[PDB]
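No hydrogens, no waters, no symmetry mates; every other heavy atom, side chains included, goes into these values. To find a chain, count down the sequence lines: A is the first, B the second, and so on, and within it residues start at 1.
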Amino acid sequence: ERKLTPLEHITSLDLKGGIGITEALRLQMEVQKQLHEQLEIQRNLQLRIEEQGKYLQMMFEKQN
Amino acid sequence: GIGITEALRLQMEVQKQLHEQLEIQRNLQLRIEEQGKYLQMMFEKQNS
Amino acid sequence: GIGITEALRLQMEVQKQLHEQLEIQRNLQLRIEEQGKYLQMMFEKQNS
Amino acid sequence: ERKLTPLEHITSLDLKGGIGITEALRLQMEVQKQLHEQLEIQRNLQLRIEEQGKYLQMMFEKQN
Ligand SMILES: [Mg+2]
Ligand SMILES: [Mg+2]
């Protein structure tokens with residue numbers, strides 16, 4: 001729901017003034033920061049999932 | 001190993017981090033769309 | 001460098017791969033929930 | 001919309017038969033395969049985003 005700011009929203013009026021390219025580059029930094037963040041959550045997820053795996057496997061073998 | 005309690009905490013944390021990626025991915029997708037129409041407006045300028 | 005055409009293709013590919021993560025993340029989240037209630041049923045057995 | 005199969009859906013009747021743990025471990029393999037897939041798309045996304053970045057920056061400097 002975090003909607004675009006005017007600095008992020010590329011309008012036709014922005015193009016008639018020649019700032020569409022700079023607004024597109026602004027989006028580039030933000031997008032690429034949000035890939036890094038969502039990548040960092042990936043590594044965290046993969047680490048939290050991996051320890052549930054150890055816990056569940058350690059109990060499966062308690063039955064055995 | 002880890003307790004049953006710690007196992008539920010990891011469980012609660014995993015669910016919220018999934019919800020967090022969903023929200024980040026919705027934001028990131030909204031911004032990819034803007035670059036989409038910019039490229040299109042510059043492409044559609046290129047044809048005409 | 002890359003053409004304007006290749007730039008639009010990367011654009012179209014990025015949007016679909018985002019849509020694909022959304023669908024994978026919805027599947028993965030549904031399965032995390034099942035482990036959630038299993039742990040809870042085993043936890044709620046542990047109290048009683 | 002890819003809903004759980006009965007092999008994936010852990011019921012109370014599964015617990016009364018002692019197969020909840022194995023179904024939970026089945027979920028573990030699938031979840032962890034889907035983290036790897038969503039991680040692989042991350043790397044692909046980060047690489048496709050990075051080349052739009054080069055293209056947009058190379059045009060910003062053409063104006064200059
Ligand atoms: Mg604007
Ligand atoms: Mg079942």
Side-chain angles (χ1 to χ4, degrees), chain C, chain D:
Chain C
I2 63 171
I4 186 64
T5 62
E6 176 62 25
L8 292 172
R9 184 175 294 166
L10 293 172
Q11 178 59 254
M12 187 180 290
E13 291 179 351
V14 170
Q15 299 181 10
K16 292 184 183 179
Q17 283 180 350
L18 291 174
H19 186 272
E20 186 178 2
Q21 287 183 355
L22 166 60
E23 297 296 328
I24 295 169
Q25 186 174 1
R26 292 175 65 249
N27 290 320
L28 188 151
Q29 187 173 2
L30 183 61
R31 291 176 177 88
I32 295 298
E33 295 178 354
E34 283 288 326
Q35 291 181 355
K37 70 178 183 179
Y38 172 73
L39 294 173
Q40 187 67 41
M41 292 183 285
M42 291 297 173
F43 177 75
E44 189 66 26
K45 185 186 287 184
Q46 187 279 127
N47 290 319
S48 65
Chain D
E1 186 177 1
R2 197 151 307 125
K3 180 65 178 176
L4 301 170
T5 63
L7 277 69
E8 296 176 354
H9 185 73
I10 298 169
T11 62
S12 66
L13 189 63
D14 290 332
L15 275 71
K16 188 172 75 69
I19 63 170
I21 186 65
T22 60
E23 287 178 348
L25 291 173
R26 180 177 292 112
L27 294 171
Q28 181 66 38
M29 297 187 292
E30 295 179 354
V31 171
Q32 190 172 3
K33 182 179 179 180
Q34 291 177 354
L35 292 174
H36 186 273
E37 292 180 353
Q38 189 175 2
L39 180 62
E40 183 178 0
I41 297 171
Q42 286 293 110
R43 295 183 180 93
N44 292 320
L45 290 174
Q46 194 275 331
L47 183 59
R48 284 180 172 89
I49 297 299
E50 185 178 1
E51 292 181 354
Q52 291 181 356
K54 290 175 70 175
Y55 176 74
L56 294 172
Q57 184 67 40
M58 89 101 55
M59 291 181 71
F60 177 75
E61 293 180 354
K62 295 294 188 291
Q63 293 180 356
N64 295 319

Practice item. Show the numbers, then the answer: is there a side chain to side chain donor-acceptor pair (under 3.5 Å) between D:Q42 and C:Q21? Key: CA-CA 9 Å; D:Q42 286 293 110; C:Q21 287 183 355; 2.7 Å; yes
Study note, to complete from the structure: So, the part of D:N44 with a heavy atom under 4.5 Å from chain C: the answer is both
Review point. Non-hydrogen atoms of chain C under 4.5 Å away: do they reach the side chain of D:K3, the backbone, both or neither?
Key: both
Check your understanding: For D:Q52, which of C:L10, C:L8, C:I2 qualifies under side chain to side chain contact (heavy atoms under 4.5 Å, CB included)?
Key -> C:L10
Point to revise | Between D:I41, D:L15, D:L4, the one whose heavy-atom pairs under 4.5 Å with chain C are most numerous | key: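 Looking at each option in turn, the highest pair count goes to D:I41.
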Review point. What residue in D:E37, D:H9, D:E51 has the most heavy-atom pairs under 4.5 Å with chain C?
Key: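 Looking at each option in turn, the highest pair count goes to D:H9.
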Check your understanding: Could you walk me through whether C:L28 and D:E30 pass the side-chain contact (heavy atoms from CB on, under 4.5 Å) check?
Key -> CA-CA 8 Å; C:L28 188 151; D:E30 295 179 354; over 6 Å; no
Review point. Which heavy atom of C:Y38 sits nearest a heavy atom of D:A24, and at what distance?
Key: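 Looking at all heavy atoms of both residues, the closest pair is CD2-CB, 3.9 Å.
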Review point. Can you name the nearest heavy-atom pair linking D:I49 to C:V14, along with the distance?
Key: CD1-CG1, 3.7 Å
Review point. Which bit of C:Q11 comes within less than 4.5 Å of chain D, counting heavy atoms only: side chain, backbone, both or neither?
Key: both
Point to revise | Which portion of C:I4 sits near chain D, non-hydrogen atoms under 4.5 angstrom | key: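 Contact with chain D involves both backbone and side-chain atoms of C:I4.
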Practice item. For residues C:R31 and D:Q34, determine if any side-chain heavy atom of one lies less than 4.5 Å from a side-chain heavy atom of the other. Key: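 Yes; the side chains approach each other to less than 4.5 Å.
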